[PDB]
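Visitor: Sharing a structure with you now.
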Amino acid sequence: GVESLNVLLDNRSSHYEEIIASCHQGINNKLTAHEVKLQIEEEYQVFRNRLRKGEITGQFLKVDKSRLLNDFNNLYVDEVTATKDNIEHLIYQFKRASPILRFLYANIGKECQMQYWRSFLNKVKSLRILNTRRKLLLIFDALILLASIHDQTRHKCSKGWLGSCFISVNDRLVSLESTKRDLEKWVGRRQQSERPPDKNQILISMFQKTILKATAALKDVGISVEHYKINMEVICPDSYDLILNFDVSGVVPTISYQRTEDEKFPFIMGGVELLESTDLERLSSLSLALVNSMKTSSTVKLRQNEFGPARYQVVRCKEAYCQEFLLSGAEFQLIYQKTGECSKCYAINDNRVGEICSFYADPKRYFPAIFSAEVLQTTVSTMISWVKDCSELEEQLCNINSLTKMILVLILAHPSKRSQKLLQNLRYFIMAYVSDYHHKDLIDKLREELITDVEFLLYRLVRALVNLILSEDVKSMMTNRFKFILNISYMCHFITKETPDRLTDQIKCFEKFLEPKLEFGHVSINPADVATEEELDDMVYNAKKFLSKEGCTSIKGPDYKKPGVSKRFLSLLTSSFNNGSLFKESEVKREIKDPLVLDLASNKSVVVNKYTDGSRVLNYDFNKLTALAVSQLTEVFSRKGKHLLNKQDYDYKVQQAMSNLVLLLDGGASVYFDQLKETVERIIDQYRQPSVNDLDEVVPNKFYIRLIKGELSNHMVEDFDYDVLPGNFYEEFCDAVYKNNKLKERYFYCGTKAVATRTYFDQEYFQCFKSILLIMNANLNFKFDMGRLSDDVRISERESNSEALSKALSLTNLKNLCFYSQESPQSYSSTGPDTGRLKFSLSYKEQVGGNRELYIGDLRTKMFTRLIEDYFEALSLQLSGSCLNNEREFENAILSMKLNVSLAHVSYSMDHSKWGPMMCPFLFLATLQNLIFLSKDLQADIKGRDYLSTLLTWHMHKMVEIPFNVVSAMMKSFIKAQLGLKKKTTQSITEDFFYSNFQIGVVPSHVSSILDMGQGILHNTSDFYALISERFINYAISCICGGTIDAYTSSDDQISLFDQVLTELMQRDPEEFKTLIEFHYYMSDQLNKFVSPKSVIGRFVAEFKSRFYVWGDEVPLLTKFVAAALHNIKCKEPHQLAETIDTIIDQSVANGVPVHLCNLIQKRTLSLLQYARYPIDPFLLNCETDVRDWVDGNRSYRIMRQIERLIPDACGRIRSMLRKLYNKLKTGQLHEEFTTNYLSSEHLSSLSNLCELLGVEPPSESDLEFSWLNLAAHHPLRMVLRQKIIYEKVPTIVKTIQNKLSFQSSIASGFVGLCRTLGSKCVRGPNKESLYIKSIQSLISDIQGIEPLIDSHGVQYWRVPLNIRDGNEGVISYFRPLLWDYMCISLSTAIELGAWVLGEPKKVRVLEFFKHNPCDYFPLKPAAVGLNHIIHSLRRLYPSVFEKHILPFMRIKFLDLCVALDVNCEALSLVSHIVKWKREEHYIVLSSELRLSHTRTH
RNA sequence: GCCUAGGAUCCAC
RNA sequence: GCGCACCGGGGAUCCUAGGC
Ligand SMILES: [Mn+2]
């Protein structure tokens, strides 16, 4: 099902023929195996001659450790003017490098009424009851202050104060004097305006009105105020005088916005040792308060707190937000003034001092250190323990430890971007160090453009550590030190994957995308859907030029790192592929056959175009773009730049003129100014259905509308809470909507609207209400509509793959979506299909270091790309060598690399530079128009090649969309530079390219060139080309020398193992081996494969897709996995976060990470949950695992281990029964009596009957009472919206099958959302309700027979006697009989894994201690279904679920038992875990920890 | 400019 | 003390009516 082009018209006229005849000009794909050898010998002779003479550069250098170390030392010798640094001096100046670091190592160190009043007012404000219009927060602060006054007069509860400021309702920290003066002014002005009443009276009345309105609104939605233990006695008849006469003396908090001198730090600088963990604990608390600084709602402000430019100097705190955090003997307040995630200025303040240190920061970057105060210490301890027995270093081990700790603390404190590329490039350095040859242009690629002082200090520390490890007299254990330095390098993963700045990264990415095209020689700009003849001529010219490359037979010789491919070498490659020369013997037998003889359902944000007429828009509108740019600069100046400058400034007057235009003459700017004026005037004149505002047409009480909006924004429509509104309001709203003919016909079907009609007529008032909401839900004065303008300038629109795919499927009525459909093309042209030329859209992934760009096309583009991808994949599958998809080939490559390193043979661990942009679809078209697969069959191969040619032709003429952000930024920069503001006179090539089109009209929207291959688009075609070219290169090398090479590659990589011949050659004659490597480089360049300067040749290591291998030992990437586990949390249900962390940690332990650290990672995750006020269930995580629990067991085995650890002596009498039960089920006794009489029956009364059915003693009466609290027992928790989702008690297995058959937030924002959910009515009642977790805790504490129990790790489980099992069935419904769930899971694993798990576990205690070195590994294999196997076996035990859930989503003798044993489980994934996530089959563990893992004998 | 009544904004994005 | 494509981020009030 590939060839389907015969349904369309060809229309290939005089252009496709030209491109075809281009790649047949000077190419001879018929050379025999002898002419090819002769030409290769000639080329090699000429190359060796011209390399000895010196007409060609060296390009490779033999490794000299001394020279490499010297270059790394003098890598940054223009600012770091030094060579050797004293370790003590480095330590000394580390603890003073920055505010955060100064604070980390400094020498520092009641149930009152104010808390009640503050919580009450916070709840009142959260509901958005009272419209803040005239200093409402002022009387809020007045109430809080009165509460505090009464409180202190009672017993002097000196909390909630900061010397002279107190914490207000939301989070605000207001000063006493300022609010006192404000109350004075307000009472005075009010008394004057209303003038008889005393000031005390006029204040108490103002308090009473607000309190009365708040209490009345609260006693309307069942939030009765008696819950909050408030006391309205605090409103004393003598209060105003009590306030004005109250005064607390202390300090005044401050925030410093400028770089303060290093003497105002009120504590001793360095007292904390690096060995201790107190610095990590301080960083943990500070990072926690910094992430919490994002949960503050953006309330209005009372006072301006400063005036004029002094508002960016040292600023006193009269009204600012404040987050508290404690340090082990004291408390501190992180004070700030802005709310959100954007970068802002914080300041730490104490109670006995003020403004300890202020610093700018970005809150959503400090997550990796939240509770990892003991994980990181153990990481450093293990890394030090690696190189600990090296006798050349034992004299100065403490310095190595100090440097490692300092590097970690530093990268955690300041997670800057360019402080990550340094630690990344350290890997390439240490790789080239131990090798034998490397690229001469290496050091010029390790240099990162460092900026701040902290980055230079980090470089200094790294340099000291390197020169301490890789010395010239430490030739003891190179493998351990290599692994140590590699892990130090991989420490870069501890920073973040995110981007510090969106626009700057998206512009650097566009510069990377645009520069090579401009430097190549030609670029088409703003192409039309019907390509112009000149554009076709330029494409043909660029085509004929792309083959014009030459080298080593010319005057100038070769020119390296320039895109293109020589006709001679392309002809050699095609001929050698047609002569069977590039065919191993295991492939000439099975002759190569041409491959001509829901699926996209994802969340890739596929693109979709806009249509203004019959044609679609392909160019931004110049006038609209400049209008939007000016509209942006207006908000930038008014909202922000107002309190920044004076008014006599030229730039200020120009910006204010532009603002008045939206809301000089002697420089040539008045002309352009009036042009912009008339343009924006035309735009404003040109800019002069159901929705949310329809709620205004229905609900009279605006407060109810505010509640509805708050719900809709906090939670999705589906989990809308019932008790947020009065019951009668639902029916009233439904009636009022249905009566309004307009809204009735806009939301109901009188002929989803059908569902609204049904639910209304059925009197399902809440259902009708939620349906209506779902249909609906889907500052400065502007003289026009700003949002429609902003959304009209854009050209493309993103969405989900599934949405557009379903729309296309509905419009059809894989290949069925692009050829047989109502919106199908008729006559594909030369450029592209009849629909129009292919179109992509630039993006970029978030990758450590640099960021690769991802192309995104619309549906037709994705389909036509997938056709070529599948064709070339099925083609490459016949040939051996590629490892992009074939996992078996990758494992073979790993085995070959291991064998090669074991023999100390030469290994070339290559990599290619700019593989994406340099490759081009024309190259693939040329290399495809010359191969012949089927030597005999020459009938259908021609048709297949013609089809693939006509597809690659379209892919050649593709047009890439320039992102809207970068074009807007360039337009604003152009406007500014036209005004003359900030003349730079540099004008990088990108800016020149943009301006050259801006100042002549048209704006660059779509760019098309012959040069770029979509990075990640043709990922398999490029892989096939790389395979077929590397095979020819190795064939040439074998033809010249007398050795062989075995190469593996996945589309950008190369691991080339050399035979013994090449190794002994490099041993004897270094010159010949070097010129061979150089000729290999030359060849790879001649075929458009530019070897990257990050490639090495050595006999010590071998990397492939970041999988290093040394002799004997194996190198784990400890810090990589630890950093991947530290920040890997989301805003999801806790039993899913736990499963994700468990999978991550399993993958980790399968790669050499010790378990003593994985336990600490799990403890950190549990602490992160405990902080969010969530109870810990036994089915969450087992933080006491061993080695066996990851190699033998699986997800559900460590759970059994944990439960056994919780309740010993009770699970034993259950395994005793389970052994006999498994024996009976395996011999084939019943196999159905159990699966029906006990799996579809009661729980405990059935459990005792089941265990007495066999010949074992039933459990004691005081064992069935052990139960665990299962929140979400009726319905899963309602999660607060952190991502817009694109468009009964269902068992978890059913939802897993649904997921398989078919814009999120950052990590820190996700953790904030998680902490916001748990504590905001997340649980759901039996039928439909909402309760706080604390309310359920209270309801459980009421019953004086329920006993809680907690383990040392903090796992909760309860003891509920049997007499309480009834009567009060409102809460007991949430408990589950732990023992029975343990039995169920144990049985579900005993038939998943072997029957061993039912044995009696015993710890190996007869084993004495061995002298365990921290580096000696042990390889192990795990102790060893499908999708339709489950779905064809589920309609037998629960056919109603099929008829209800799984039907529209379209034999094993024991799967029918397991697939039902997990349905009634509803406690943990049992078969879902093996159907959704594949277990790894190769583990590398510590041979010392295996000595302590338990034994589970049958 | 100030005061009063009402309307708008008052998780993160 | 953030970002560091030299361009960004770093303090929230607004509207209608009436009275002085
Ligand atoms: Mn590689």
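Visitor: For A:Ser148, are the conditions met, namely being more than 16 Å from the ligand (Cβ to nearest atom), crowded, with 19+ Cβ neighbours inside 10 Å, part of a helix (DSSP H, G or I) and of a type in the set (S, T, N, Q)?
Guide: Considered against the rule, which asks whether it is more than 16 Å from the ligand (Cβ to nearest atom), crowded, with 19+ Cβ neighbours inside 10 Å, part of a helix (DSSP H, G or I) and of a type in the set (S, T, N, Q), A:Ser148 comes out as yes.
Visitor: Now, a different point. Scan A:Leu242, A:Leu286, A:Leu290, A:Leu302 and give me the residue that is hydrophobic (A, V, I, L, M, F, W, C), assigned to a loop (DSSP other than H, G, I, E, B) and buried (at least 16 other Cβ atoms within 10 Å of the Cβ).
Guide: Only one candidate qualifies: A:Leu302.
Visitor: Do any residues in region A:1086-1112 that are more than 23 Å from A:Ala904 (Cβ to Cβ) and assigned to a helix (DSSP H, G or I) have Cβ atoms under 6 Å from those of residues that are away from RNA strand B (no atom under 16 Å from the Cβ) and hydroxyl-bearing (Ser, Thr, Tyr), where the two are at least six apart or on different chains, and which pairs are they?
Guide: Close Cβ pairs satisfying both conditions: A:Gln1086/A:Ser566.
Visitor: So, one more: Those residues that are out of contact with any helix residue (DSSP H, G or I) (no Cβ under 6 Å at 6 or more places or on another chain) and under 30 Å from A:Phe729 (Cβ atoms), I need them from region A:774-801; list them, please.
Guide: The answer is A:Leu774, A:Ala778.
Visitor: Right, another one. Taking the criterion of being of a type in the set (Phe, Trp, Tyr), away from the ligand (no atom under 16 Å from the Cβ) and either in the same structural domain as A:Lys135 (by TED's automatic domain parsing) or part of a strand (DSSP E or B) (or both), would at least one residue in region A:265-273 satisfy it?
Guide: There is no residue in region A:265-273 that is of a type in the set (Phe, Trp, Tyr), away from the ligand (no atom under 16 Å from the Cβ) and either in the same structural domain as A:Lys135 (by TED's automatic domain parsing) or part of a strand (DSSP E or B) (or both).
Visitor: Here's another thing I want to ask about it. Any idea which residue in region A:743-799 is farthest from the chain's Cα centre (by Cα), counting only those that are basic (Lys, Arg), away from RNA strand B (no atom under 16 Å from the Cβ) and under 30 Å from A:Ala629 (Cβ atoms)?
Guide: Restricting to residues being basic (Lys, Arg), away from RNA strand B (no atom under 16 Å from the Cβ) and under 30 Å from A:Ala629 (Cβ atoms), the top hit is A:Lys783.
Visitor: Let me ask something else about it. Working only within region A:1361-1376, note down all residues that are closer than 19 Å to A:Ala1467 by Cβ and of a type outside the set (A, V, I, L, M, F, W, C).
Guide: Of everything in region A:1361-1376, those that are closer than 19 Å to A:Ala1467 by Cβ and of a type outside the set (A, V, I, L, M, F, W, C) turn out to be A:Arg1365, A:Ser1373, A:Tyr1374, A:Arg1376.
Visitor: When only residues in region A:451-472 that are surrounded by fewer than 20 Cβ atoms within 10 Å (Cβ to Cβ) and outside any helix (DSSP H, G or I) count, which is farthest from RNA strand C (Cβ to nearest atom)?
Guide: Among them, the one singled out is A:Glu472.
Visitor: Continuing with the same structure: Mind listing whichever residues of region A:557-593 are in a helix (DSSP H, G or I) and under 17 Å from A:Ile40 (Cα atoms)?
Guide: A:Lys567, A:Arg568, A:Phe569, A:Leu570, A:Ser571, A:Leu572, A:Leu573, A:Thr574, A:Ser575, A:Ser576, A:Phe577, A:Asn578, listed by residue number.
Visitor: Return the only residue of A:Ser1051, A:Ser1022 being part of a helix (DSSP H, G or I) and farther than 21 Å from A:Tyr433 by Cα.
Guide: That would be A:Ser1022, the only listed residue that is part of a helix (DSSP H, G or I) and farther than 21 Å from A:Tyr433 by Cα.
Visitor: For region A:1424-1469, what are the residues that are outside any loop (DSSP other than H, G, I, E, B), of a type in the set (A, V, I, L, M, F, W, C), over 32 Å from the mean Cα position of the chain (by Cα) and surrounded by fewer than 17 Cβ atoms within 10 Å (Cβ to Cβ)?
Guide: The answer is A:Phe1442, A:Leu1447.
Visitor: Please report, ordered by residue number, the helices (runs of 4 or more DSSP H) entirely within region A:44-139 with at least 2 residues that are within 16 Å of RNA strand B (Cβ to nearest atom).
Guide: A:113-126
Visitor: Which one of these is under 32 Å from the mean Cα position of the chain (by Cα) and surrounded by 22 or more Cβ atoms within 10 Å (Cβ to Cβ): A:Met918, A:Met910?
Guide: A:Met910
Visitor: So, of the residues in region A:323-364 that are charged (D, E, K, R) and either assigned to a strand (DSSP E or B) or outside the structural domain of A:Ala413 (by TED's automatic domain parsing) (or both), which turns out to be nearest to the ligand (Cβ to nearest atom)?
Guide: For region A:323-364, the residue satisfying everything is A:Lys344.
Visitor: To continue, here is another question. Can you pull out the residues in region A:795-831 that are farther than 26 Å from A:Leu598 by Cα and surrounded by 14 or more Cβ atoms within 10 Å (Cβ to Cβ)?
Guide: Result: A:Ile795, A:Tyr828, A:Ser829, A:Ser830, A:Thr831.
Visitor: Mind counting the residues in region A:184-205 that are surrounded by 13 or more Cβ atoms within 10 Å (Cβ to Cβ) and within 16 Å of RNA strand C (Cβ to nearest atom)?
Guide: Total satisfying the criteria: 5.
Visitor: Then there's this: Inspect all residues belonging to region A:1217-1230 and state whether any of them is crowded, with 18+ Cβ neighbours inside 10 Å, outside the structural domain of A:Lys295 (by TED's automatic domain parsing) and in contact with a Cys (Cβ under 6 Å, 6 or more places away or on another chain).
Guide: Checked against the condition, which is being crowded, with 18+ Cβ neighbours inside 10 Å, outside the structural domain of A:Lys295 (by TED's automatic domain parsing) and in contact with a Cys (Cβ under 6 Å, 6 or more places away or on another chain), region A:1217-1230 yields at least one hit.
Visitor: Could you look through region A:1365-1409, keep only residues that are charged (D, E, K, R) and within 25 Å of A:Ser1216 (Cβ to Cβ), and pick out the one that is surrounded by the most Cβ atoms within 10 Å (Cβ to Cβ)?
Guide: A:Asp1381
Visitor: Sort out which residues of region A:374-409 are part of a loop (DSSP other than H, G, I, E, B) and crowded, with 21+ Cβ neighbours inside 10 Å, and write them in order of number.
Guide: Answer for region A:374-409, where residues must be part of a loop (DSSP other than H, G, I, E, B) and crowded, with 21+ Cβ neighbours inside 10 Å: just A:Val387.
Visitor: Scan the helices (runs of 4 or more DSSP H) fully inside region A:912-975 and keep the ones with 3 or more residues being hydrophobic (A, V, I, L, M, F, W, C).
Guide: Qualifying helices (runs of 4 or more DSSP H): A:921-928, A:940-956.
Visitor: Looking at region A:1154-1179 only, could you name the residues that are in a loop (DSSP other than H, G, I, E, B) and over 23 Å from the mean Cα position of the chain (by Cα)?
Guide: Listed by number, the residues that qualify are A:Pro1154, A:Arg1173, A:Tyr1174, A:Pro1175, A:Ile1176, A:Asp1177, A:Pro1178, A:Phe1179.
Visitor: Among the residues of region A:867-911, count how many are of a type in the set (S, T, N, Q), within 15 Å of the ligand (Cβ to nearest atom) and part of a loop (DSSP other than H, G, I, E, B).
Guide: 0
Visitor: Within region A:779-816, how many residues turn out to be β-branched (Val, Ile, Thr) and either assigned to a helix (DSSP H, G or I) or within 19 Å of A:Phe1303 (Cα to Cα) (or both)?
Guide: 1
Visitor: Can you work out which of the residues in region A:303-326 that are out of contact with any helix residue (DSSP H, G or I) (no Cβ under 6 Å at 6 or more places or on another chain) and hydrophobic (A, V, I, L, M, F, W, C) is farthest from RNA strand C (Cβ to nearest atom)?
Guide: A:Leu326
Visitor: Looking only at region A:262-270, decide whether some residue is over 29 Å from A:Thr404 (Cβ atoms), under 36 Å from the mean Cα position of the chain (by Cα) and either loosely packed, with under 15 Cβ neighbours inside 10 Å or more than 16 Å from RNA strand B (Cβ to nearest atom) (or both).
Guide: No, there is no match, as no residue in region A:262-270 is over 29 Å from A:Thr404 (Cβ atoms), under 36 Å from the mean Cα position of the chain (by Cα) and either loosely packed, with under 15 Cβ neighbours inside 10 Å or more than 16 Å from RNA strand B (Cβ to nearest atom) (or both).
Methodologically, a virtual Cβ is constructed for each residue, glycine included, from the backbone with ideal geometry; neighbour enumeration extends over all protein chains shown. All of this is worked out from the model, or read from it or from the source named; these are not laboratory values.
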